[PDB]
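Enquirer: My questions will all concern the structure given below.
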Amino acid sequence: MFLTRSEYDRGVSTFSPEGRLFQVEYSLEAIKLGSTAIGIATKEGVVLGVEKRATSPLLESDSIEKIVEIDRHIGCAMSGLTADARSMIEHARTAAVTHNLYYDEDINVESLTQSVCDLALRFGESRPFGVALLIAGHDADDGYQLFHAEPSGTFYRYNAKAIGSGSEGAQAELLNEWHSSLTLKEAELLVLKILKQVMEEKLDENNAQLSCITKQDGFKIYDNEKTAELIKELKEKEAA
Amino acid sequence: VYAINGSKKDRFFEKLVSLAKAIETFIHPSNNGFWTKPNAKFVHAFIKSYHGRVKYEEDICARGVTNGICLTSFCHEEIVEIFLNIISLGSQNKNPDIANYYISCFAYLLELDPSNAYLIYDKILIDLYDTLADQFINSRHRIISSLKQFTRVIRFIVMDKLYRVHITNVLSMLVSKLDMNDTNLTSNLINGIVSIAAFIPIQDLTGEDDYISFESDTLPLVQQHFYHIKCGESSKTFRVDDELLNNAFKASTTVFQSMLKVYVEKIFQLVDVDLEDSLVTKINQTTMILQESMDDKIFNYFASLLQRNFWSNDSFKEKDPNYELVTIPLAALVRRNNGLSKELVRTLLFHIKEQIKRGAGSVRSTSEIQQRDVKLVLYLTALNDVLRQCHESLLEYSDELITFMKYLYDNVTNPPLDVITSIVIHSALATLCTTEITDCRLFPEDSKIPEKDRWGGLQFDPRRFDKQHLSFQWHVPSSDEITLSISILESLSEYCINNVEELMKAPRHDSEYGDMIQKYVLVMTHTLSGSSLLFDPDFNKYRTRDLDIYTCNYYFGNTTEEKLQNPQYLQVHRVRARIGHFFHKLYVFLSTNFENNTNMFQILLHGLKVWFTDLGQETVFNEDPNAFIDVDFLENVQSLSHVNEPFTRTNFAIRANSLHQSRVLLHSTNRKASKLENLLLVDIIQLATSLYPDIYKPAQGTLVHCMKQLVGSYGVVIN
Amino acid sequence: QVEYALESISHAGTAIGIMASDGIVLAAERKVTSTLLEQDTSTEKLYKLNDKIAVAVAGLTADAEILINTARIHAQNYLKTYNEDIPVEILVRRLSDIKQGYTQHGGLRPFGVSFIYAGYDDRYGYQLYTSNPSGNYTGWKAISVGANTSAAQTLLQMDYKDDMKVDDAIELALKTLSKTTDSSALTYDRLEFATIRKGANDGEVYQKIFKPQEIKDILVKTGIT
Amino acid sequence: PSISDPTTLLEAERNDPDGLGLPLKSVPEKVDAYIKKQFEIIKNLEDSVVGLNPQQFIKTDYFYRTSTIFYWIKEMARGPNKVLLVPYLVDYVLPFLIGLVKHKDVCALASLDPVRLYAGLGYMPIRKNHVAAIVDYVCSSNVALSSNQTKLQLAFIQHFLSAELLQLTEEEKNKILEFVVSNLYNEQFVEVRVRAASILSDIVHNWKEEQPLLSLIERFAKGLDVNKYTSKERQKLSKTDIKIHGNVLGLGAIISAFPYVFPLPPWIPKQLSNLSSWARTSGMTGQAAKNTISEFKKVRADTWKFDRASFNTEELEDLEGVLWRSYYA
Amino acid sequence: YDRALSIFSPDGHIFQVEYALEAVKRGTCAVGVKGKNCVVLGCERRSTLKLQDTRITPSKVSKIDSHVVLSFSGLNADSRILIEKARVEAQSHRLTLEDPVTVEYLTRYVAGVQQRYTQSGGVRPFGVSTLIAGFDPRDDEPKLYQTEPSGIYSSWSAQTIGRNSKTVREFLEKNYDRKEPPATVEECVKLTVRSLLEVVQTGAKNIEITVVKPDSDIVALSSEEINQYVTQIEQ
Amino acid sequence: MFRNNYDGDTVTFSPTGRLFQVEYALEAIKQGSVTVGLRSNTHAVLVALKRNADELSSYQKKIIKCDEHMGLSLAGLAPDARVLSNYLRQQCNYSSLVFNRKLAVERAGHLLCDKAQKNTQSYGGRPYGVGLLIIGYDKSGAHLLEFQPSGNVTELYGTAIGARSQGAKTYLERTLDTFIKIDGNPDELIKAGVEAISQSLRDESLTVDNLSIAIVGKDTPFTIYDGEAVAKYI
């Protein structure tokens, strides 16, 4: 093992000779270390899935929630639930309700994604802020949309995106599998298939949580029983 | 470092190259952590211990035959190829003590004389020329590390016929670069200047070769050589006639008078700077080492340049100037040439009379030298420093100095100046009775014939130990200088004895009465010190085959009959009895009339310390910076770990001076008290029992000094 | 993350509180100080909060006097609000909460002081308490803070009896201090002394913060010279 | 190790072929069979867990034995006991950690750190006999490990290689090389290739002869020679081909093994000029190339003023556009 | 051993509360279990120094309102500020909405203050956890919650926050089953009794236990009832 | 092995009169994909090559509309291009409602220089790390400006900025007398720009989504083409 350091490392708000801000680069790779979240967008819905930590049998429920409702139209997934994730979510919630009472109309998903990025450029009020988000929603202009909002205060729209544990091979299988033609059921099976591969081959309703956005029901997180029949549908469909 | 085999080496070196390949990335400056100090101390110890093994083998080989386990030339070459990049990385570290471990490795590698040694010299000259040309301007660590790297290797560059041609160009470029704002860079430039000076003779080596000149001879060989090695080629490829090379060397030496004018002009600029006692001391040492390296032709130029600037300058305008930077150089001139002292000592006392008549020291303050007193302090500190080095030349103007001393003890009474003005007798009496080195020259007296190829000061040349090289003149007190020392001592002491008794009526606390008492008392304390080499710890035993090992040079006798038969011996002790009875009389006067006057008891306690401690020896002004070269400093410039005394004549001379000073100080002063010592001890015990902090703290410090001087004194103190 | 502030008070002279079956007894010792530093002042050890409550202090007077004045202000405000004087428990809790805040809030520093709050009110009777820089507080039968805490608490433990009279608590405080004194005799000028007792004879709370002569009188009762 | 005589001790210390002698401490043969009988009981019990979720697994005898043996290994791995644990790291202790690493959620419900304990066993006080067996075990692909099970083995070769650097023989280091190079072409797992490249840099940094290096450079550069492909072809290849991916990752490991050599070797500019053509390709192969050039430029920013003499204007210009991040439009 | 290529700080960031969460283990054991028709909280009593006055010592278990109780492990000084904040918020809700505070709202507000003392940075988090329990108004489902210094909160069928609370949790998992919990207060009390007598830093001064029953029936068992419950079989 | 002492802050000067932190901000422009601008007398054109993170990703926005008569492009940094572009939108709206004028494109240039130079002079702040090519039309004709993050702006007939721009820039310098005489025909000026950007794509190829184009001048509002609208220029 050898050492590869540099004189411009840990430089805050400082360009290196190359024009690099290494702090925001470092923050942007810590997204590899969290719990796995996956988003699939289709003409039928946006599906968000996340790996759940195993819990004591005595735990009846908890306020750890890596998939969160922002609005009826908009849902969100984290790889970590630090104070900065809470700050971004309660900013996104306050941004949604203020737009609703101003225009009598639902916020566009790009405009909400832009708003949580502006919070990270402001640092609340060249620093990174908080954690990677997947942001999913439907609006009448740009349909079903999935965005990666980043600690840098910048973002991209994706057709499918994986964050957290598993990054290189997690997005490698998604670009191999994604179609314009995916049905919603098929997208759910695909996020469960990807979750099984990243989890070193374990899959229960106790370690996979699913959700989707549709126009008709909006954002909903699936019951353990709904994800359990979907896991059985995966287990038979791969064995067939 | 003891597992290698000179004749079967290849599998050992294959392991050592694989260690260095693993380690290199832990040595690079941006990679700091817990490994840094382990690696710096490992690389240093490996190269140092390998050097020690090579010198053990070279010593055994020189009395017989090579055994074949012995390290060969090929092993020394491998050691450079392995470690040169390790040393090159580790010398750019952010911690300076880390970088010094790797920088000290270059000296061990260069003393091994590998065929690869050009890699090290080329490395160091390229960095040094890129710093002095400001190519590393954004990058301060390069400037400091390059100066340190060059500083380490000057003594080897000086010995090589090709690289020696660069050194006076470097000395000139170093001296031009001394700053008044960058005390750290100036300290590192002064390290370079003193290292060049300690090895090189400041001399013009040109004979009737009047056609050669530094520019067009030395520089054309320093522009071709530098361009050749900077474009990636080596020094091994650089071929030139020995004749062009020797003309480039001889012409290098003609530039020294230009360098010395810039140097004096930097020394007079540094008087105005807020320096540090260690940097001031170092700047004095380099000025003195420059002087001891001059021939008489360059010395006679430098003396006049310095004396001229000392009179004609703009250089003492600040609150608290560095007088030492100019006054220690003048005292060093007069140590080399006694013939300068008569004019410099009559010009100084004229200017002191001018400043005293113009009103210097007419306005009282206890805490400060005032801005109007600064020139009086300059000429008095110059007088103190010059007089300390006058020796047998005081005999020409002794009466004129004694009448001047009286004028100075009449006319100036500012309490900050009484200390400066009373040091005048100390310096006078001290130079008349002291035995010490006069001559510290790199080459003696413009004499002997060690050839013109002496850029190195014989340091490695095996002829350094020679009696005709190390024949130092020394200084041995004359009988005229001893009849003058006693005339000064009893004249001044008796003088101040008739001044303070005619003024001991306790009229009032004028705030100017107390200063006149303090002055005449300070003069009585500056006469006991200075004349102290005349006194004798044993005088009381010899009332009205004893064996000493540390026998210093006394001018009365070593046997008791040799010294009792000289009447001059009794006379010296008689004056010290008369001074000691005066401090007891002054104690009962200040105890009965002036209790609580802290300053008057402090001066008395310092007088009593000097009277108790300075018998046959001097233990105040003993360890402050003076006009001799520092033995611990020149030994740090010149000492090599595995080489026997790799020293120049200056260092051998100041080592013989330090042996004499050691023999003087190691002489016993423990004695059986004399009724007057008991009386003055009991006065000191009462002052240690005083309730003013400012009296009891000095009086307790004097008491612990007195208890070392007197046998059985703890019993007296506790009783 | 406050234990250095608890180290601070350990040097600061000594205070003893002892609760009897019919009163309370505060004693404290002034540190010996420079001849010319003024003693006749407001910065002492045994202070007061209201006619029913007294304090003794360890730690710096500059941190003490702010809390003492806040307590006086809050006690005056409570008496003004309800026409019945503040309970001792509510005073120490109110002073325990102000002190906790300045320890948990990193914009502030922990108060380097620890007061022994003696008092009386009818909801719990006579109440002896200690509070320290952490903002915790405890009720006691006897307590001490500051210098010689450990040595004093052993002598308290081996002599204290729950049934003892106020006069026995006078003896026990004086005899504890004369056992654990840094000076090899104890004198009225180093000693500050107070009691809280049941009236002259009727139902009122009677404080005394003793004057130097009354201290001399109890020292010559108690056989300390 | 209680010997009957000092002279018998010395003879048993002499009898070691290497030059060392009877180990400081060793487990007596009854305790030896006992410790090993505990691992065999765990192996026979593996069919009792095959069907079930983590909470049921946490109720099994097998989990209780696995937890006890995990804690026993962890106490043995501290302090004086490592010499009594090194011998078991071929078929008992070290293998018990690769199996236990597969049970991720059980190692969350119980506070078990087999990933951290296993990687840490690379720093054990191993000896010549055990080095060879450890290398042969570690370099055996034949267990068919999963992505992280074979990536924990990869991580155990990095800590072991740096613990036993300057001990490992050229055959042992060649087995380590060919194992990490075989993992650059791992057909199932994308991240196992990326982890193997990082250990190839670690192997290549400690090479001191040019013939081995020029041979590796040719092995990797042969299979990526840029003139053989059309543009759209080179692009679709970079989304799909494991051999060019492993070649690009491997060539980048060699270049990353040279962070600070001051006069830039002339082979580095040339091989960067092959990677920069792949850096324009978007896929898994294009990221490896972009990341190599970016990390090279990051460590060379200290000396870039002097390094840019070693490149053409066209070559320097081809290093420019490598840093594809959301905020660099 | 995430040094990898001798890498350090490649993420450039840190988040940490866990010094407070360790104090929450050091502190006294506190355990709570639902029944079918009750919730019982039991908390360890600290041994008391020789010269303390016991008459005014707080019950450790702490009523917020007639239907709701709070208990804690962690710093006592911090716990007071949360109990006082929970008591003023419970009075503030009960006044302003004309109905008692719901147990989940009380936990959401206690979690709200532990969130704000996490987020604000100029303050440390409170060194304490909470065990919030009781019944909602007009309801007889027993409800039982935790908060932690992190400001995370959770619902539990049984729970234990302490230093030796990993073996209590194993005894609770061994004997509690959400298909068939201890139904009657008799079983429920005897199970928090069995929990507390296993691993608490016990002595002659031991444990404080409180039963909550529906419709504001809140009762600390007597120092005799905690002894009557010591029904045993031994061999 | 080296340690620059004078590049830690935007307020330090080098001993040679250099602001290194502003030079490193110019080095940030060469981190973003190439953009080209060019002009004649009647029209001015931007063309930009848009990158993406992955094949599932949307393309990053390179061209922004500041008003009906001007807009810019953004190589180097994306988020530093929205702070400047938002301010340039504010200043255009302000010029309409306060003066009843379209903002002059020279005036817009001075306002960017002003905003950028302030960051170069103050502690704690960082020079912008974005290079803008601004195009517009006003009463002085068609214009192109290159803004540099130091606080400087230049009037050009054409330029290129971003990674590997020297190719397109060298083609524009060679083609200058030709593209500046493309008057009354907007499509040939777009094709001259798309051929210029093709000299910077070293082996790469334009596609509908990888290419974006914008034009302004005479009768034409500022319009952006990307997606299917660039199909006739590939």
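Numbering, chain C: per Swiss-Prot, residues 21-245 in sequence.
Cβ coordinates come from backbone N, Cα and C, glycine included.
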Enquirer: Can you tell which of C:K68, C:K100, C:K236 Swiss-Prot marks as ubiquitin cross-link?
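Expert: Comparing C:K68, C:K100, C:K236 with the record, Swiss-Prot tags C:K100 as ubiquitin cross-link.
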Enquirer: What is the one among the recorded sites C:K100, C:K199, C:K231 whose Cβ has the most other Cβ atoms less than or equal to 10 Å away?
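Expert: When each Cβ's neighbours within 10 Å are tallied, C:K199 tops the list.
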Enquirer: At the level of the C-alpha atoms, what whole-angstrom distance separates C:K199 (ubiquitin cross-link) and C:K231 (ubiquitin cross-link)?
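Expert: About 23 Å separates the two Cα atoms.
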Enquirer: Just the number: how many Å between the Cα atoms of C:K100 (ubiquitin cross-link) and C:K231 (ubiquitin cross-link)?
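Expert: That comes out at 30 Å between the alpha carbons.
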Enquirer: Mind pulling out which recorded sites among C:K100, C:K199, C:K231 sit under 8 Å from chain A, Cβ to Cβ?
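Expert: Filtering C:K100, C:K199, C:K231 for a Cβ under 8 Å from chain A leaves none.
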Enquirer: What three-state class does DSSP give C:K231 (ubiquitin cross-link)?
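Expert: Coil, per DSSP.
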